[PDB]
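The chain below stands alone and is given as structure tokens, in the form deposited in one PDB entry.
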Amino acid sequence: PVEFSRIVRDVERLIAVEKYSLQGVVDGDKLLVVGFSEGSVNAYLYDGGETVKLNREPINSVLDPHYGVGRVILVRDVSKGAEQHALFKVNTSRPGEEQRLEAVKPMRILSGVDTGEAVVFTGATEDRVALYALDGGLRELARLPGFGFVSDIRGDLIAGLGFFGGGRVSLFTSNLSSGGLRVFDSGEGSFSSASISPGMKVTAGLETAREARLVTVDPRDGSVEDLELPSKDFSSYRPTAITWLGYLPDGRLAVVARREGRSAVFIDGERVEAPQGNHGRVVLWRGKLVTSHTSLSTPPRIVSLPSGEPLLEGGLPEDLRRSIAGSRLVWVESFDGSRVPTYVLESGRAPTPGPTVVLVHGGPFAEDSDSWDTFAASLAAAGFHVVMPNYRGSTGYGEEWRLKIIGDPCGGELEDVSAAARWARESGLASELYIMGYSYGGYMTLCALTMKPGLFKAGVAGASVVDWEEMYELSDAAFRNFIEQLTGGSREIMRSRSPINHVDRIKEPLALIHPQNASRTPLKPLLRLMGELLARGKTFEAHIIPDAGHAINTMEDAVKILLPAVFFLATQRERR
């Protein structure tokens, strides 16, 4: 008999843990860290093993400080839950006292750095996106041709990143005193990060269709060339993504790069030991390195390097923490000999072999990595091993692997998902196999239960795609484009790869979780799918909920969209 209250209690703890993020170093060597709990945000000083809350009421975020500045600039929603924001200054010697910056009209704050003498940010208004600087008074440094974000300032030079068309992130620069704008593209791909050398070049991370590298950009003559670093651990790591980079007050370049779902920290190209997982920015604090850290078993936290010992971390009970027994990355051989990179979270509450869920990510253009995942942790806590396959279409493994999905939905990617199920059983992890996913994952659950009955014992399909053909006609102009690219632009492909048209072949119980009022995950198709299931003798359950929303941060969100899935699987587990 399922332990309903124990599951709810555990899920709540998992939702409620403080998660931390690192923002910089202010005042007299204090960490500026942001703390989240159920997506309520607050800003804190950390030094000498104590914290002090900077804000009063919750905020949205904080603008990046230069090292040492004696104030923090809070960013907060003007009306309740809206896209509009106000800016509020807090002196780090007077924590809790907020002065609104009346010179900023309410607007959508996109990014910002505070030099201590000027606050430079990007915002979007009814009509436009701009680069502002505030001190003098307010000032428009440049109108931007699209959403854009400030990466760093040094002296007068300002460096940033922008979605200015072409399908790729451009680098831009401005000047603090003379304003103006200058945009740099890379044919190869996208700029992902930027910081300004002491020699007044812009060091940037360039992601490509294969591997990432560091370029140097001379802002005055437009010239680019590759940056060679004294130590070569960085080029030898062969990264596919560059999360963040920045020059430290001593002059050294800190870089955090990624490969295969995890990241690594470099200083002037030299690797520095960090706990396994994913990292955020790196700062120099009291002479040592500090960074944030997350993983499939660790909510986001602030650790020191290279000991990896935490400074600030959320609390979980030890049984519950033991229930998440370890995660490895494994490469699963699929139908065509391609290897599917797949994260596995083993559960401390299941035997080996034991109950396993293939938890299929959404998108499809997204990535299962070694980062904290509420769903995965909740399943582990409920006695399920969790298998997370990066099916073709996923991001994080190069452009080639992402593009194989184009024109073959419910084709190659499904074989990948399937290959992971099979690997689960054959390695002797899995005794029983279940499938569960939201968005494109829901679609995969529906495809698997129709195109491959007998593989999974039951499935959970949330926010699933049901019929591609129908979904176009009841869709907006932008999403419609998306659907035609993904389907090659053919009715035979949209019809044959929609699982509503294959409902007859189902032989396993299905759980449907769906929003009642999302325009891009529409209800009318689901109604029809339920009609087909009823009319054809198939057994299922359904939960239709308003304001499903985007992600899960609060316990309410979990009760609506996560607990039905976990309860259904726990119940099926006793039907063996």
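One rule holds for the numbers: they count along the sequence shown, beginning at 1.
Legend entry - Where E270 meets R271 in the shown sequence, the number of deposited residues left unmodelled: Going from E270 to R271, the model skips no residues of the deposited sequence.
Legend entry - Stretch with the higher entry mean CA B-factor, where the candidates are 81 to 89 and 245 to 253: Taking the mean C-alpha B-factor of 81 to 89 and of 245 to 253, the larger value falls to 81 to 89.
Inset, instruction - Averaging only over Cα atoms, indicate whether 388 to 396 or 124 to 132 has the higher B-factor in the PDB entry. - result: It is 124 to 132.
Inset, instruction - Just grab whichever of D373, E346, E415, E313 has the top CA B-factor as deposited. - result: Highest CA B-factor of the listed options: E415.
Inset, instruction - Determine which member of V33, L54, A551, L533 has the highest CA B-factor, using the values in the deposited entry. - result: By C-alpha B-factor in the record, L533 ranks first.
Inset, instruction - Taking the values exactly as deposited, rank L446 by C-alpha B-factor within its chain and report the matching third: lowest, middle or highest. - result: Top third by C-alpha B-factor.
Legend entry - CA B-factor ranking of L214, expressed as a third of its chain: Answer is lowest: the recorded C-alpha B-factor places it there.
Inset, instruction - Give the position of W285 by CA B-factor within its chain, expressed as the lowest, middle or highest third. - result: Within its chain, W285 is a lowest-third residue by C-alpha B-factor, going by the deposited values.
Inset, instruction - Would you mind checking where the Cα B-factor of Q485 ranks among the modelled residues of its chain, as the lowest, middle or highest third? - result: It falls in the top third of the chain.
Inset, instruction - Could you look up the Cα B-factor of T173 in the entry and say which third of the chain it sits in: lowest, middle or highest? - result: Tercile = middle for this residue's CA B-factor.
This protein has a second form, the form deposited in another entry, left out of what is shown; the following refers to that one.
Inset, instruction - Select the option from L14, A204, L449, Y440 that falls at the hinge between the two rigid parts moving between this form and the one not shown. - result: So the residue sitting at the hinge would be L14.
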